Amino acid sequence: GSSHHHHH
Amino acid sequence: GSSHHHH
Amino acid sequence: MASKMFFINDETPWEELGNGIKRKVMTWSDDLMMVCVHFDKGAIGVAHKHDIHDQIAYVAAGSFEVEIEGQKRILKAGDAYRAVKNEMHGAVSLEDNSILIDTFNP
Amino acid sequence: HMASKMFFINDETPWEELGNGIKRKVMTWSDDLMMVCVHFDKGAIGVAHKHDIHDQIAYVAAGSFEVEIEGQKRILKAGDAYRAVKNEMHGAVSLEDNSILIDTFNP
Ligand code: NI
Ligand code: NI
């Protein structure tokens, strides 16, 4: 994304 | 798309 | 033209489509495409369906009545809608300078 | 386990706090496409990363960002967008409160 975070 | 046109 | 790493909206002209609708192809890759679609009040995105791809659209500005397979909601800036392949979808702009950011996998 | 939405109504959907000035909403998706709203306070950092197997295109819905892709850097404001294809490092830094990126990608 536009941040490092993934969405489990 | 949101209209019926394509490219 | 070549696809853009950076799309700068105010540096990019509109492509006029007729009947109160104009657009900008923003950027794309092999797998994704993004398009800015601008509507006058009352401009109609005629109901249609795509055989082989999906579409998700973000309401960037203004508002729309969106109909998807006979279900109909009024969407305003910040809202979004999904039309998967073979789903009929269309949009009617409810005010000037209404904008949908369409994303799809062509 | 939540089902994807035909209609995403923003003001009816809460934020997921991510910490460090960032929050998000997963908006909707299909098998082939996903759209997420990411909201940044001033100075919040989208740490630079890459995706091995998918592309990303992001729309600036509000506010402004410095965006760096494979060493190229531009200030983007509402209305702008950027592309990061698979394996391209990309990151962002919010320049103002209430800056929002609408991320699209092929999940
Ligand atoms: Ni990313
Ligand atoms: Ni369509």
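In the text below, chain A, chain B and the rest are named by the order of the sequence lines, each starting its count at 1.
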Q: What are the two closest heavy atoms between C/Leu94 and C/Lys41, and how far apart are they?
A: O-NZ, 3.4 Å

Q: Could you give me the CA-CA distance, side-chain angles and deciding distance for D/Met35 and D/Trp29, then say whether side-chain contact (heavy atoms from CB on, under 4.5 Å) is met?
A: CA-CA 6 Å; D/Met35 183 177 283; D/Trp29 66 94; over 6 Å; no

Q: Which heavy atom of A/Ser3 sits nearest to which heavy atom of D/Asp103, and what is that distance?
A: N-OD2, 4.5 Å

Q: When you compare the side chains of C/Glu67 and C/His89, does any donor N or O come within less than 3.5 Å of an acceptor on the partner?
A: no

Q: Between C/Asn9 and D/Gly79, which heavy-atom pair has the shortest distance, and what is it?
A: CB-O, 3.3 Å

Q: What I want to check is whether the side chains of D/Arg83 and C/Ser3 have a donor and an acceptor closer together than 3.5 Å.
A: yes

Q: Using the side-chain contact (heavy atoms from CB on, under 4.5 Å) criterion, which residues pair with D/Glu96? Sequence neighbours excluded.
A: D/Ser64, D/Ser99

Q: Within this structure, what is the CD1-OG1 distance for the pair C/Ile101 and C/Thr103, rounded to the nearest 0.5 Å?
A: 9.5 Å

Q: Can you tell me how far the CG atom of C/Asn19 sits from the NE2 atom of B/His5, to the nearest 0.5 Å?
A: 7.0 Å

Q: Identify the heavy atoms of D/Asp80 and D/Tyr59 that sit nearest to each other, and give their distance.
A: O-CD1, 3.5 Å

Q: Minimum heavy-atom separation for C/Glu87 to C/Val84, with atom names?
A: OE1-N, 2.8 Å

Q: Would you call the rings of D/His54 and D/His51 parallel, tilted or perpendicular, taking 30° and 60° as the class edges?
A: parallel

Q: Between D/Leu101 and C/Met5, is there a shared hydrophobic cluster once you connect ILVMFWY residues whose side-chain heavy atoms come closer than 4.5 Å?
A: yes

Q: What residue pairs, at least two apart or across chains, pass salt bridge (charged side-chain N to carboxylate O under 4.0 Å, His left out) with a residue in residues 45-65 of chain C?
A: C/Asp54-C/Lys85, C/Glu65-C/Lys72

Q: Do we see a donor-acceptor contact under 3.5 Å between the side chains of B/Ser2 and C/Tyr81?
A: yes

Q: Find the distance between CE (D/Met27) and OG (D/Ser4) and round it off to the nearest 0.5 Å.
A: 13.5 Å

Q: Evaluate the side-chain proximity of D/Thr28 to C/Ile56: yes if any heavy-atom separation is below 4.5 Å, no if none is.
A: yes

Q: Walk me through it: do C/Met88 and C/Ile68 pass the test side-chain contact (heavy atoms from CB on, under 4.5 Å)?
A: CA-CA 6 Å; C/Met88 285 290 300; C/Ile68 303 162; over 6 Å; no

Q: Do other residues, nucleotides or ligands put more than 12 heavy atoms under 6.0 Å from C/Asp96 CG?
A: yes

Q: List the steps and the verdict of side-chain contact (heavy atoms from CB on, under 4.5 Å) for D/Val38 and D/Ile22.
A: CA-CA 7 Å; D/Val38 189; D/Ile22 308 180; 3.5 Å; yes

Q: Given the rule that I, L, V, M, F, W and Y join up when any side-chain heavy atoms are under 4.5 Å apart, are C/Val59 and D/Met34 in one cluster?
A: no

Q: Starting from the C-alpha separation in whole Å, work towards a yes-or-no answer on side-chain contact (heavy atoms from CB on, under 4.5 Å) for D/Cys37 and D/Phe8.
A: CA-CA 11 Å; D/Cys37 173; D/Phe8 174 75; 5.6 Å; no

Q: Using a cut-off of 6.0 Å, state whether more than 12 heavy atoms not belonging to C/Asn86 lie near its atom CG.
A: yes

Q: If I compare all heavy atoms of D/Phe65 with all of D/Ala92, which pair ends up nearest, and what's the gap?
A: CD2-CB, 4.1 Å

Q: Could you tell me whether the side chain of D/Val67 reaches within less than 4.5 Å of the side chain of D/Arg74, counting heavy atoms only?
A: no

Q: Within the side chain of D/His49, is there an N or O that forms a donor-acceptor pair under 3.5 Å with the backbone of A/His5?
A: no

Q: Calculate, to the nearest 0.5 Å, the distance between atoms CG and CG belonging to C/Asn105 and D/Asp32 respectively.
A: 5.0 Å

Q: In this structure, would C/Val35 and C/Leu75 fall into the same cluster of hydrophobic residues linked by side-chain contacts under 4.5 Å?
A: yes

Q: Quick check on C/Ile44: does its CD1 atom have over 12 non-hydrogen neighbours (other residues, nucleotides or ligands) under 6.0 Å away?
A: no

Q: I need the single residue from C/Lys22, C/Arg23, C/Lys24 that forms a salt bridge (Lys or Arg N to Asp or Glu O under 4.0 Å) with C/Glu15. Which is it?
A: C/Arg23

Q: Return the CG to CZ distance between C/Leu17 and C/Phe39, rounded to the nearest 0.5 Å.
A: 9.0 Å

